[PDB]
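> Handing you this structure, nothing more for now.
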Amino acid sequence: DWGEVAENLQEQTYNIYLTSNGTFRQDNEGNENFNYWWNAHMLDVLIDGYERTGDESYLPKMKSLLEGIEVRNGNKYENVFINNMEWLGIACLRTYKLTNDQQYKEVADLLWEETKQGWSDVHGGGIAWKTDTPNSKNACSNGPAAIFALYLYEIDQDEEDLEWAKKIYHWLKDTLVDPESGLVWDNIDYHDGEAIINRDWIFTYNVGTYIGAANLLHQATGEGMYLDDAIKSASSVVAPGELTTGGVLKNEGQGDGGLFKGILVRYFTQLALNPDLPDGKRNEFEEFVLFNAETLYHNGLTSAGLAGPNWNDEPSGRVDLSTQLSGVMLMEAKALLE
Ligand SMILES: OC[C@H]1O[C@H](OC[C@H]2O[C@H](OC[C@H]3O[C@H](O)[C@@H](O)[C@@H](O)[C@@H]3O)[C@@H](O)[C@@H](O)[C@@H]2O)[C@@H](O)[C@@H](O)[C@@H]1O
Ligand SMILES: [Ca+2]
Ligand SMILES: [Ca+2]
Ligand SMILES: [Ca+2]
């Protein structure tokens with residue numbers, strides 16, 4: 001029972017990482033630092049549990065987390081990293097779609113206004129990484145911005161938001177997507193006076209949000225090109241290459257990188273749920289999530305239920321919250337697909 005596994009991990013995560021004010025600590029050792037974007041993804045994990053169970057017990061924990069983020073972020077929701085605001089805004093819109101709780105919509109509305117301010121024509125378009133890095137346009141600040149815009153379009157049907165989604169996605173595809181594989185390069189910035197793309201950094205979460213944005217744009221327009229884009233990127237995830245070792249999504253370390261795998265699995269799974277996906281691709285994608293979930297469960301989880309950065313080995317020491325969230329996201333995705 002994969003839902004039973006996910007619920008066990010939800011409980012272990014909440015029990016080990018909950019700190020004051022309804023937020024979640026950086027690790028299970030000596031660090032109580034508040035990580036804004038990690039806590040945003042804990043909200044996503046709590047939403048995963050709510051959708052699977054229908055258990056209203058998740059709702060007060062979600063609300064306490066939303067309000068605790070405001071306090072620990074300095075009595076505000078704005079953050080210097082634009083991608084951080086995008087992650088929280090996405091989770092807030094997800095919550096509003098399921099609960100109609102206007103408090104989440106108001107936060108999302110604020111964060112969308114800030115996200116749109118990061119856009120510029122530097123490097124041809126794209127949302128900046130930070131409010132003060134006008135020249136650094138990163139996949140992690142554009143993939144999520146498109147997803148953000150698409151959720152808002154589903155909710156408010158403002159034509160300007162669909163235009164934003166299309167413009168963000170098409171800049172991302174034209175700039176940071178490898179035309180041969182569909183995988184996503186990390187960023188473009190000025191180095192020694194000229195624009196350079198970091199092609200060495202190919203992370204699971206960047207192709208993850210590209211897949212997620214393409215899937216949502218296909219749903220919002222019906223244009224097959226978006227589905228073709230998503231299938232190509234997801235097929236490269238499955239086939240041997242940069243992001244897998246022995247068919248398992250690879251170790252990307254702890255800290256921020258601990259969260260990368262879970263984000264890819266979330267949006268990969270959403271593509272596997274698209275009704276227009278061909279049967280053979282759906283089977284291949286479902287089998288890939290199962291293989292990863294089985295690997296983590298049997299090889300990578302501690303007996304208490306903590307996941308490490310390598311899904312194929314148990315962590316012997318500190319477990320960052322980000323790393324743990326990727327494990328819970330994997331199990332929730334597996335339970336969703338059964
Ligand atoms: O070794 C450096 C980092 O490499 C890997 O992270 C890749 C990303 O690094 C940057 O983003 C990191 C964090 O920056 C802010 O705090 C905020 O935006 C956070 O949300 C963000 O995660 C940036 O260059 C991104 O474009 C890269 O993709 C991981 O291994 C990290 O853990 C590691 O510290
Ligand atoms: Ca429970
Ligand atoms: Ca209920
Ligand atoms: Ca305030």
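> What residue among 24, 34, 203 shows peak mean-square fluctuation when the chain is described by a Gaussian network model with Cα springs under 10 Å?
34
> Between 35, 198, 310, which gets the highest mean-square fluctuation from a Gaussian network model of the chain, Cα cutoff 10 Å?
The residue with the greatest mean-square fluctuation here is 198.
> Could you put 148, 288 in order, starting from the residue whose Cβ has the fewest other Cβ atoms within 10 Å?
Ascending number of Cβ neighbours within 10 Å: 288, 148.
> Further, regarding this structure: Can you give the helix-only mean residue ellipticity at 222 nm for the chain, where every DSSP H stretch with n ≥ 4 adds -39500 (n - 2.57) and the sum goes over all residues, rounded to the nearest 500 deg cm²/dmol?
When only DSSP H runs of four or more count, the value is -19000 deg cm²/dmol.
> Let me ask something additional. Once you have the Cα-Cα distance between residue 98 and residue 316, take 0.36 nm times their residue separation minus that, and quote the gain in nm to one decimal.
Gain on extension, residue 98 to residue 316, equals 74.7 nm.
> Moving to a separate point now. About its Cα centre, how strong a charge dipole does the chain have in debye, to the nearest 20, once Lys and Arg get +1 and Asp and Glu get -1 at the Cβ?
300
> Using a cut-off of 12 Å between beta-carbons, work out the net charge of the residues near residue 62 (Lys and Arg +1, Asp and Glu -1, residue 62 not included).
Around residue 62, the charge tally is -4.
> Going by average Cβ neighbours within 10 Å, how do the peptides 41-51, 260-270 rank, with the highest at the top?
260-270, 41-51
> What distance in nm lies between label points placed 7 Å from Cα along the C-beta direction at residue 195 and residue 294?
Output for this residue pair reads 4.5 nm.
> As a footprinting exposure proxy, order 152, 59 by other Cβ within 10 Å, with the fewest listed first.
Listing 152, 59 from fewest to most nearby Cβ atoms yields 59, 152.
> Please report the net charge: other residues with Cβ closer than 12 Å to the Cβ of residue 25, K and R +1, D and E -1.
Surrounding charge for residue 25 is -2.
> Between residue 113 and residue 223, what's the calculated FRET efficiency when r is the beta-carbon distance and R0 is 22 Å? Round to 0.05.
Working from the Cβ atoms, E equals 0.20.
> Got the relative contact order for the range 226-284 handy, in percent, Cα pairs under 8 Å and 6 or more residues apart?
RCO, the range 226-284: 24 percent.
> Based on the mean of other Cβ atoms within 10 Å per residue, sort peptides 300-307, 327-334, 272-279, 135-142 so the most packed one is first.
Final packing ranking: 327-334, 135-142, 300-307, 272-279.
> Which whole-number percentage describes the relative contact order of the chain, with Cα contacts under 8 Å and a sequence gap of 6 or more?
Result for the chain is 17 percent.
> Another question about this same structure. Rounded, prolate or oblate, given the Cα gyration tensor of the chain, with a/c below 1.5 counting as rounded?
rounded
> If a/c stays under 1.5 just call it rounded; otherwise compare a/b with b/c (prolate if a/b is bigger, oblate if not). Do that for the range 133-263, with a ≥ b ≥ c from the square roots of the Cα gyration tensor eigenvalues.
Taking the square roots of the gyration eigenvalues as a ≥ b ≥ c, the range 133-263 is oblate.
> Enter the Cα centre distance for the pair the range 261-300 and the range 38-97, rounded to the nearest angstrom.
Here the two parts' Cα centres lie 24 Å apart.
> Tabulate in residue order the Karplus-calculated ³J(HN,Hα) for the range 239-246, using 6.51 cos²θ - 1.76 cosθ + 1.60 with θ = phi - 60°, rounded to whole Hz; enter x for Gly and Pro.
In residue order, the calculated couplings are 5, x, x, 3, 9, 10, 10, x Hz.
> Of 130/281; 63/116; 105/281, which ones are farther than 28 Å apart at the Cα?
130/281; 105/281
> Using a Förster distance of 30 angstrom, determine the FRET efficiency expected from the C-beta separation of residue 180 and residue 75, and round it to 0.05.
0.05
> Summing +1 for each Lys or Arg and -1 for each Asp or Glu, what net charge is found among the other residues whose Cβ lies under 10 Å from the Cβ of residue 105?
Counting the neighbours of residue 105, the net charge comes to -3.
Bear in mind these aren't lab numbers, they're just calculated from the coordinates by the rules spelled out. Backbone-built Cβ (ideal geometry, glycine too); neighbour counts: all protein chains shown.
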